[PDB]
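Read through the structure below, which is laid out as structure tokens, and then see the notes.
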Amino acid sequence: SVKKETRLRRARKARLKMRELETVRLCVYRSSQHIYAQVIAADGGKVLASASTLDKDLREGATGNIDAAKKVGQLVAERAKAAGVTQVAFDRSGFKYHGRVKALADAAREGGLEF
Amino acid sequence: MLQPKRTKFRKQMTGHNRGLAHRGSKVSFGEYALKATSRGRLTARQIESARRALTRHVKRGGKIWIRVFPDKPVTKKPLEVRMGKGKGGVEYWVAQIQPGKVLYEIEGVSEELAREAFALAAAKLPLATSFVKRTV
Amino acid sequence: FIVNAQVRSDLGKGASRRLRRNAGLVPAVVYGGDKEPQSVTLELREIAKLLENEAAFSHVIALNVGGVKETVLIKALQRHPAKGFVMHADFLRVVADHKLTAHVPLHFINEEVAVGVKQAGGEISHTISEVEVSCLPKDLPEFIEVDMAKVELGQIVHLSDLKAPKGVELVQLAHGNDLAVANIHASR
Amino acid sequence: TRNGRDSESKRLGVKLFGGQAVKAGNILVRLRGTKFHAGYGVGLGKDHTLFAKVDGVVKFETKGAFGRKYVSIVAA
RNA sequence: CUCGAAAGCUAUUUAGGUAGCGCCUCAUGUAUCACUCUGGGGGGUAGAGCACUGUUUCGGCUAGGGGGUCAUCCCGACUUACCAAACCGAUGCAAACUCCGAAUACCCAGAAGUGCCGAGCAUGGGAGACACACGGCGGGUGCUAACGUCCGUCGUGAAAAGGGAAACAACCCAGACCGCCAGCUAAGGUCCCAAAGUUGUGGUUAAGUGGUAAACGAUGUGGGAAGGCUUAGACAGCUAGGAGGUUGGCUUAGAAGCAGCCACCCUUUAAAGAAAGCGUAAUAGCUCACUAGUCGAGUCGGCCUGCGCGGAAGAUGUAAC
RNA sequence: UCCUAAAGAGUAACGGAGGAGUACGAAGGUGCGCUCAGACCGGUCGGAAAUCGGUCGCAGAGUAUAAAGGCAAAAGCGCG
RNA sequence: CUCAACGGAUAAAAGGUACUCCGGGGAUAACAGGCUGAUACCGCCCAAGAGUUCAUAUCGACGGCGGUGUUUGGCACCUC
RNA sequence: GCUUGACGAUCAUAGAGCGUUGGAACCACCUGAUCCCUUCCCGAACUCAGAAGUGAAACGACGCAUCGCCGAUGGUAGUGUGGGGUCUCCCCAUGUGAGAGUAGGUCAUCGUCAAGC
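Chains as they are written, first to last, in full-length UniProt numbering: chain A, 2 to 116; chain B, 1 to 136; chain C, 4 to 191; chain D, 10 to 85.
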């Protein structure tokens, strides 16, 4: 789009760095609706597990806010404690570090999920 | 006579003239043509001299195509000059032609007058040429 | 139009080059269709007498290797650049229900009675002969007539001004490239 | 108006061709601007010199969009 | 007695000197090497191509200037006789162009066999060389001149004799340890000088071609495909050939079918160029085609290719087998 | 730096073509931000063309500097 | 600082010799020879044309192809 | 099981160009800036309280083959080696062998993961 490609114009370097480097990847999604997260391990192409904001516990109605972004920080972290890495890496993915992007992120540091 | 209006470089090598003319070999614009059968070089005043023999012999009409074009520079050393003091200056221009290359073409002319016109032309040329028709 | 043909069970550069100088033969193939191509040897004496005819290329030409016979078309003949004899005739087959592109020569009939030739002094300028068409094989014409009995001094007849057998698709009108087929021009 | 003065001919090219065993420091392509790109275990030096960072054999794949000629070393 | 170079690269107050490395030899170690096959692998040359950067050539197309322009003391502009970059198609060509792209060469791995008993490598002792030549090939330069010159890559001579090329470092064959009055061959040869076929079969060539040569020129001859005219009687050779009005042109001793000026079809009816040009240089004599009775037959032009012919003149003496 | 140079390196000529004897405290690192040029058009001072507003774009731009080779995971600018 | 003669002879470097001397070279010029033939010279081929008509009695523009070694070269093969 | 997501194998037989659509999930908008901030001036950027609205534009799969893109066979050019010739060039033996052109595929083929039906 004018929207979907200009963020994939920004989602370019870390896209292909972590496949060169073979480390953990956090393929999140944000929108005006939602704030997602989903993790890929240290090989560029392995899905760990999925955890949406379409998950059973917090579909209460204010879904996808900065209130509802800190709920996601300990959410996929438990799904990545069956994985086995302490640190985890940050897909910017064209999602500028000012809102729900960091609030999923910085709530993982308390939620057993280091950066 | 016939030069390029400009060239990228003022000098070329000597080169060679091998192969056949698989391109430039069909009568592409006229009905009759003077096709070369031996290889050689045409010094751009062989081009014009045969051109003036053609246009003068028809005397009424017809369209004449010049398929050859002298494009490469040829350089001579003057007299009282030792070998190797830099490459000498350009003198004339030359088209490298192969066996089979169509030189001139004509239409609007009878087949008996075209043979008489290209025989005037071939006598001013240093080549072994032939007369050909349009094939398809 | 019938051609005799044979089997040609040896291929290559030096083999094909010694058919021409020892045996006097030409190599050829038939390939067209959804079928297997076949290498064919053929005589230079008879393929030049076929190319003598004005309708050699735009005509269904019969061919036999042995007792097998095909409705064959001459598609993209090859030629010696220096001496102009045929090498490698290169034929087609005919599957009788597709479009079978070929070249069809032109006539330019009315050149003596022309309003740019008679009253105003001008001469004709053949720009294009042998237009390439695409036509179903029963409507495969030998000729396409070009009428020049109304073209004036300066008027250009194009392929848009063209004509006949009406079941013959001209390949150049299928695209926006409309070609100029003849002129009448002032004399030099 | 005066010619002379050619340069001193830098010895570029593919050293250590594409089936050969490597050690993990070898200059693998001398190169004037990444005519070849960096595959799995190769390094891309400052003047676009490709260098092996692991052992194995060099592969020379063609991969991806843009028609990149890659140089990758597979530990085989 | 055994082995055996080099005339290269780099640097040089250096260029015919020298130094390191390459090439030679010897010694001592040590485990590689070559050729071929199969398998990996990059390439951008040859060729080709026009997609790029340039150069080409002719059909077609749009704006516009306004040449032409009815032109309104100054507007609106008829209109496209001049022209007009770019665009569509057809068509070429580049060492410093490439959408493409080999053969070979080169790098690598694995294999059989061969190696003169080693080939490869490493360290040491001794060098010599550091002006190369010509020939084939691939190019620059020159005149795609030079036994010119500068590179690449081979082979030879240098540093290799013997046989052939008449003679002829460098070309072809072949690499001489010593003896033989033995035999087989190579290049090249087999009539005599001069060793061996006046050998066999089938053709070609009459020029001493062979035994020097180009544009181009000729009913020289051999072969091969085709074509048109072909006994209802062709190409060169015989006795009928012949318009029923009134100057088809500015000229005036004298202006057809040939002057600085141009040319296509209507009859008492089976009948024909209001003309392509030597003529008693010009007018009052005469020549290429017959829709035809009569002399009666195989012809007339072109193309492909074989070997020849003129083009062909030089200085001591035949004198380019 | 390209050609010559023969598709690995290399390779000569008083052979053919051009350049350098520097720039840069940001023109570097990084963080961050961010993607060309072209024709197409809107005339009251620029009207081939600017200010740039937005429509078909189809690397043809740009790179401190010659030429070659390279680029978007930018290998140009803004700002900390 | 300055070796840009850029592997840099010394901190410090221009000439004359027809008054000349020596050691070498045909690794190299002048004369002559040889190779070659651009150049010169002489033939020839097509024939626009002039020759009052008429290309070819004479002459011939534009181009073409050869010969001679006949000189200006080019080479440095013999001869210092 | 299909719809659709989410990074990737493969890179213009996958590409551009011309219709129908999807609303529930997803997706773009939208309502507005109060509380983060984004501004070389701006909430269309982007940050978001959001879920009042909306499925055309926006994108997405899903239609349709002119064009690009692939592309035989056969020939040809080139070429390694060996030998010829009338040797600035070609031919012969032998090995190899394009480029361009010559019917036409196609609105691609794959892999893991999940919310929903």
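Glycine included, each C-beta is placed from N, C-alpha and C at the ideal position.
Coarse secondary structure for residue i, derived from DSSP in three states
{"i": "A:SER51", "result": "strand"}
{"i": "D:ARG77", "result": "strand"}
{"i": "C:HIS101", "result": "coil"}
{"i": "C:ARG191", "result": "coil"}
{"i": "C:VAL174", "result": "coil"}
{"i": "C:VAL10", "result": "coil"}
{"i": "B:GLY89", "result": "strand"}
{"i": "C:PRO168", "result": "coil"}
{"i": "C:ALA123", "result": "coil"}
{"i": "C:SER19", "result": "helix"}
{"i": "C:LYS78", "result": "coil"}
{"i": "B:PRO73", "result": "strand"}
{"i": "C:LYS72", "result": "strand"}
{"i": "A:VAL73", "result": "helix"}
{"i": "A:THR87", "result": "coil"}
Range of the contiguous beta strand (DSSP E) that encloses residue i
{"i": "B:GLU112", "result": "From DSSP, B:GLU112 is part of no beta strand (DSSP E) but of the alpha helix (DSSP H) over 111 to 122."}
{"i": "C:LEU28", "result": "28 to 33"}
{"i": "A:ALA15", "result": "No beta strand (DSSP E) holds A:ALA15; the alpha helix (DSSP H) holding it covers 14 to 22."}
{"i": "C:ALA65", "result": "64 to 67"}
{"i": "C:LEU53", "result": "Unbroken run through C:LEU53 is the alpha helix (DSSP H), 47 to 53; no beta strand (DSSP E)."}
{"i": "C:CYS138", "result": "134 to 138"}
{"i": "B:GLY19", "result": "Unbroken run through B:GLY19: none, as it is neither H nor E."}
{"i": "C:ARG24", "result": "Where C:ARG24 is concerned, there is no enclosing beta strand (DSSP E), given that its DSSP letter is neither H nor E."}
{"i": "C:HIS161", "result": "159 to 161"}
Start and end residues, alpha helix (DSSP H) containing residue i
{"i": "A:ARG101", "result": "101 to 111"}
{"i": "A:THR7", "result": "5 to 9"}
{"i": "C:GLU145", "result": "First-last for C:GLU145: undefined, no H or E at that position."}
{"i": "B:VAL58", "result": "45 to 58"}
{"i": "B:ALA36", "result": "Element bounds for B:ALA36: not the alpha helix (DSSP H) but the beta strand (DSSP E), 32 to 36."}
{"i": "A:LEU76", "result": "76 to 80"}
Straight-line Cα distance separating residue j from residue i
{"i": "residue 235 of chain C", "j": "C:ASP181", "result": "The structure shown does not extend to residue 235 of chain C, since chain C is modelled only from 4 through 191, so no value can be given for it."}
{"i": "D:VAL83", "j": "D:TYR49", "result": "7 angstroms"}
{"i": "B:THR129", "j": "B:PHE69", "result": "17 angstroms"}
{"i": "A:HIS99", "j": "A:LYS18", "result": "23 angstroms"}
{"i": "C:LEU28", "j": "D:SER18", "result": "54 angstroms"}
{"i": "A:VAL48", "j": "C:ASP13", "result": "58 angstroms"}
{"i": "D:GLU70", "j": "A:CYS28", "result": "29 angstroms"}
{"i": "A:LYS71", "j": "D:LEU53", "result": "41 angstroms"}
{"i": "C:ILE77", "j": "C:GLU55", "result": "14 angstroms"}
{"i": "C:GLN175", "j": "D:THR10", "result": "52 angstroms"}
{"i": "D:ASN12", "j": "C:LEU156", "result": "58 angstroms"}
Exposed unless 16 or more other CB atoms sit within 10 angstroms - verdict on residue i
{"i": "C:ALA79", "result": "exposed"}
{"i": "C:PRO30", "result": "buried"}
{"i": "B:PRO99", "result": "buried"}
{"i": "C:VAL98", "result": "exposed"}
{"i": "B:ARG10", "result": "exposed"}
{"i": "C:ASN186", "result": "buried"}
Given a limit of 9 angstroms on CB to CB distance, which residues of the stretch 42 to 66 of chain B reach chain C? With the criterion set as a beta carbon lying under 9 angstroms from some beta carbon of chain C, the members of the stretch 42 to 66 of chain B are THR55, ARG60, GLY61, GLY62, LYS63, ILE64, in sequence order.
If contact means a Cβ-Cβ distance below 7 angstroms, which residues of the stretch 133 to 151 of chain C contact chain B? Taking 7 angstroms as the Cβ-Cβ cut-off against chain B, the residues of the stretch 133 to 151 of chain C that qualify are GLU133.
Using a Cβ-Cβ cut-off of less than 7 angstroms, list which residues of the stretch 50 to 64 of chain C approach chain B; keep chain order. Cβ proximity to chain B below 7 angstroms picks out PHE60 from the stretch 50 to 64 of chain C.
Check distances from the C-beta atoms of the stretch 89 to 108 of chain B to those of chain C and list, in chain order, the residues that come in under 9 angstroms. Under the 9 angstroms Cβ criterion, the stretch 89 to 108 of chain B contributes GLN98, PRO99, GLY100, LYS101, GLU107, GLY108.
Could you list the residues in the stretch 116 to 132 of chain B with a C-beta less than 8 angstroms from some C-beta on chain C, going in chain order? Against chain C - using a Cβ distance shorter than 8 angstroms - the residues of the stretch 116 to 132 of chain B are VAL132.
Listed in chain order, which residues of the UniProt domain "Large ribosomal subunit protein bL25 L25" (6 to 94) of chain C have Cβ atoms closer than 7 angstroms to some Cβ of chain B? Within the UniProt domain "Large ribosomal subunit protein bL25 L25" (6 to 94) of chain C, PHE60, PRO84, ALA85, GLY87 place their CB atoms closer than 7 angstroms to a CB of chain B, listed in sequence order.
Along the stretch 13 to 25 of chain B, where does the CB come closer than 7 angstroms to a CB of chain C? Name the residues. For the stretch 13 to 25 of chain B, which is checked against every Cβ of chain C, the residues closer than 7 angstroms are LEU20, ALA21, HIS22, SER25.
Along the stretch 96 to 108 of chain C, where does the CB come closer than 8 angstroms to a CB of chain B? Name the residues. For the stretch 96 to 108 of chain C, which is checked against every Cβ of chain B, the residues closer than 8 angstroms are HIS106, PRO108.
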